[PDB]
Amino acid sequence: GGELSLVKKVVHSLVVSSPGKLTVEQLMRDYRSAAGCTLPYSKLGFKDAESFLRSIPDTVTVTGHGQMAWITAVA
Amino acid sequence: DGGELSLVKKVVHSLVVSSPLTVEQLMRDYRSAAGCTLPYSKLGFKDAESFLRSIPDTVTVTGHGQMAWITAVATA
């Protein structure tokens, strides 16, 4: 019910709805357009998008580092 | 649909219960909290009131315009 839980569901929907595997920068752009606001990693306490995404392994998997790191839905 | 509306609702409901709101004040509190404008335009509505009237599970609108009064809707 909390905001973290709701953000995790939006991220998951965006990853699953992308046919091809996503980069951090593409997911970032997808969230900004679909929500009208930047992926809220800072509001949730993290220094950058990759740090937040690495904090939710129950939702996504991060492979690599930086803008071009891969983001894939949890198995 | 992917969960974006439910996230806007939760932010809005938190802001309304945490006041003692006009539509104007809700929009400034939303801007101050989320760092973005209340996304009524992206959701297809012509103004904030029309968006807020579209989510009666979350708020109720009394009056019209930016000075309409916004109150929270109780959970089950």
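Per chain, numbering begins at 1; letters A, B, ... match sequence-line order. All values below were derived from every heavy atom in this structure, side-chain atoms included, with hydrogens, water molecules and symmetry-related copies excluded.
- Side-chain contact between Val60(A) and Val74(A) is absent, with no heavy atoms from C-beta onward closer than 4.5 Å.
- Residue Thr72(A) holds its OG1 atom at 7.5 Å from NZ of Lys21(A), rounded to the nearest 0.5 Å.
- A donor-acceptor contact shorter than 3.5 Å is absent between the side chain of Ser51(A) and the backbone of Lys47(A).
- Judged purely by atom type and a 3.5 angstrom limit, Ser18(A) uses its side chain to pair as donor or acceptor with the backbone of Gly20(A).
- The two residues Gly63(B) and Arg53(B) have their closest heavy-atom pair at O-NH2, 2.7 Å.
- Between the NE2 atom in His65(A) and the CH2 atom in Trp70(A) there is a gap of 15.0 Å [rounded to 0.5 Å].
- Side-chain contact check for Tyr40(B) versus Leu52(B): every heavy-atom pair is 4.5 Å or farther apart.
- Here the side chains of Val73(B) and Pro56(B) are not in contact, with every heavy-atom distance at 4.5 Å or above.
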Where do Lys9(A) and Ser5(A) land on the side chain to side chain donor-acceptor pair (under 3.5 Å) test, with the steps shown first?
CA-CA 6 Å; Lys9(A) 295 182 226 303; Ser5(A) 178; 3.0 Å; yes
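- Residues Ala48(B) and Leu38(B) share a closest heavy-atom pair of CB-CD2, 4.1 Å.
- With sequence neighbours left out, the salt bridge (charged side-chain N to carboxylate O under 4.0 Å, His left out) criterion links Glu4(B) to no other residue.
- A donor-acceptor contact shorter than 3.5 Å is absent between the side chain of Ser18(B) and the backbone of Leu15(B).
- Residues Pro39(B) and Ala35(A) approach most closely at CB-O, 4.5 Å, considering heavy atoms.
- The minimum heavy-atom distance between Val15(A) and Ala73(A), with the atom names listed, is CG1-N, 3.5 Å.
- Put simply, CG on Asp29(B) and OG on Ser19(B) are 7.5 Å apart, with the number rounded to the nearest 0.5 Å.
- Contacts of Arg32(A) classified as salt bridge (charged side-chain N to carboxylate O under 4.0 Å, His left out), with partners at least two apart in sequence or in another chain: none.
- Going from atom OG of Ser55(A) over to atom CG of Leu4(A) covers 7.0 Å, rounded to the nearest 0.5 Å.
- Proximity of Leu6(A) to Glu3(A): side-chain heavy atoms (C-beta onward) are nowhere separated by under 4.5 Å.
- No donor-acceptor contact under 3.5 angstrom links the side chains of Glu25(A) and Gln67(A), judged on distance only.
- With hydrogens and angles disregarded, a donor-acceptor distance shorter than 3.5 Å links the side chain of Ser33(A) to the backbone of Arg29(A).
- Taking CE from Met67(B) and CD from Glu49(B), the interatomic distance works out to 11.5 Å, rounded to the nearest 0.5 Å.
- Of the possible donor and acceptor atoms, none in the side chain of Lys43(A) sits under 3.5 Å from a partner among the backbone N and O of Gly35(B).
- In the hydrophobic cluster analysis, where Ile, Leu, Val, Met, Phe, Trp and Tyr join through side-chain heavy atoms closer than 4.5 angstrom, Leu43(B) is grouped together with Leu26(B).
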If you apply the rule side chain to side chain contact (heavy atoms under 4.5 Å, CB included), what do you find for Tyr30(B) with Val12(B), and how did you get there?
CA-CA 7 Å; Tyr30(B) 190 98; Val12(B) 165; 4.0 Å; yes
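- Here the NE2-CD1 distance, from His12(A) to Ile71(A), works out to 12.5 Å after rounding to the nearest 0.5 Å.
- For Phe51(B) and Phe45(B), the distance between ring centers is under 6.0 angstrom.
- The shortest heavy-atom contact between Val17(B) and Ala72(B) is CG1-CB, 3.6 Å.
- Within a 6.0 Å sphere centred on CG of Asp58(A), other residues, nucleotides and ligands contribute more than 12 heavy atoms.
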